[PDB]
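A short write-up of the structure that comes next.
Sequence lines set the chain letters: A, B, ... in the order given, protein chains first and strands last, and positions in each chain run from 1. Values reported hereafter were calculated over all heavy atoms of this structure, with side chains retained and with hydrogens, waters and symmetry mates removed. Counting convention: from 1, in listed order, for ligands and their atoms alike.
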Amino acid sequence: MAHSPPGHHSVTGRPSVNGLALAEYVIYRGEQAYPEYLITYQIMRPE
Amino acid sequence: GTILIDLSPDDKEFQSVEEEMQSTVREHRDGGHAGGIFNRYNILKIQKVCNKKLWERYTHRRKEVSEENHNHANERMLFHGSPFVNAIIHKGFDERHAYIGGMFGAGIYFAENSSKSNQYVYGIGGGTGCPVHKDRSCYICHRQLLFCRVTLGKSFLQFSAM
Ligand SMILES: O=c1cc(-c2ccc(O)c(O)c2)oc2cc(O)cc(O)c12
Ligand SMILES: [Zn+2]
């Protein structure tokens with residue numbers, strides 16, 4: 001596993017081409033996330 | 001250590017979590033190759049994940065980051081999808097949940113778009129899709145993802161041609 005850039009705690013991946021895509025984020029320590037909700041689902045076929 | 005508590009669909013907590021899932025679907029540039037073709041989900045169950053050890057581990061690191069970043073943890077709620085969701089809820093996130101080949105280095109990835117995390121539920125690029133039908137766009141098999149509490153602290157801003 002890598003490390004954050006020095007002086008940082010995470011990376012924000014901000015899409016620059018597709019203006020409807022929202023951000024993605026990377027952490028480099030497992031203790032910086034807590035898995036709060038487990039969601040069980042199906043994707044639905046469009047009409 | 002972990003117990004799972006069902007939330008009732010009549011509870012406002014269930015409803016707010018479903019709204020976050022449903023409102024952050026978007027189209028993907030792969031045409032649905034990785035995660036399937038859909039505009040919305042059928043939510044079947046939402047469970048609160050409770051584990052005192054993992055929680056205290058999270059909040060201990062949270063306070064460290066806050067103190068290194070002008071008293072601001074920069075805490076967000078974000079989606080994570082993978083085939084290892086069952087290990088994550090019992091043992092926590094660790095190096096074995098890292099995307100070693102990811103755009104931003106070997107780390108643990110999260111998304112604001114629920115549909116982005118859905119592309120990873122059956123593996124990188126959707127792997128070979130569901131176990132039962134080998135179908136990345138399966139409308140039958142039950143999928144799982146996590147809606148997670150994530151501490152970003154001072155986040156390096158990386159603009160990405162995506
Ligand atoms: O939820 C995400 C999950 C993963 C992921 C990728 C590879 C793995 O071996 C793994 O265990 C998880 O990769 C992503 C990559 C992203 O760009 C955005 C995401 O939400 C995820
Ligand atoms: Zn299937």
- request: Give a yes or no on whether a salt bridge exists between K48(B) and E13(B), defined as a side-chain N under 4.0 angstrom from a carboxylate O.
  value: yes
**OP:** For the pair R57(B) and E31(A), find out whether any cationic side-chain nitrogen is under 4.0 Å from an anionic carboxylate oxygen.
**Re:** no
Q. Does any donor atom in the side chain of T151(B) or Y58(B) lie under 3.5 Å from an acceptor atom in the other side chain?
A. yes
Between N118(B) and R143(B), do the side chains contain a donor N or O and an acceptor N or O under 3.5 Å apart? yes
OG1 of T40(A) to CD of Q144(B), rounded to nearest 0.5 Å, is 3.5 Å
Nearest heavy-atom contact between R136(B) and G126(B) is CG-O, 3.5 Å
Near the Zn ion (ligand 2), meaning under 2.8 Å, the protein N/O/S atoms are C130(B) SG, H133(B) ND1, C138(B) SG, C141(B) SG
So, the side chain of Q15(B) versus the backbone of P9(B): is there a donor-acceptor pair under 3.5 Å, distance only? yes
Counting only N and O atoms by type, is there a donor-acceptor contact under 3.5 Å from the side chain of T12(A) to the main-chain atoms of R14(A)?
-> no
**Message:** Would you say the ring centers of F93(B) and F110(B) fall short of 6.0 Å from each other?
**Reply:** yes
Table of N or O contacts for ligand 1, cutoff 3.5 Å:
from	atom 1	to	atom 2	distance (Å)
ligand 1	1 (O)	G81(B)	N	3.0
ligand 1	17 (O)	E24(A)	OE1	2.4
ligand 1	20 (O)	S117(B)	OG	3.1

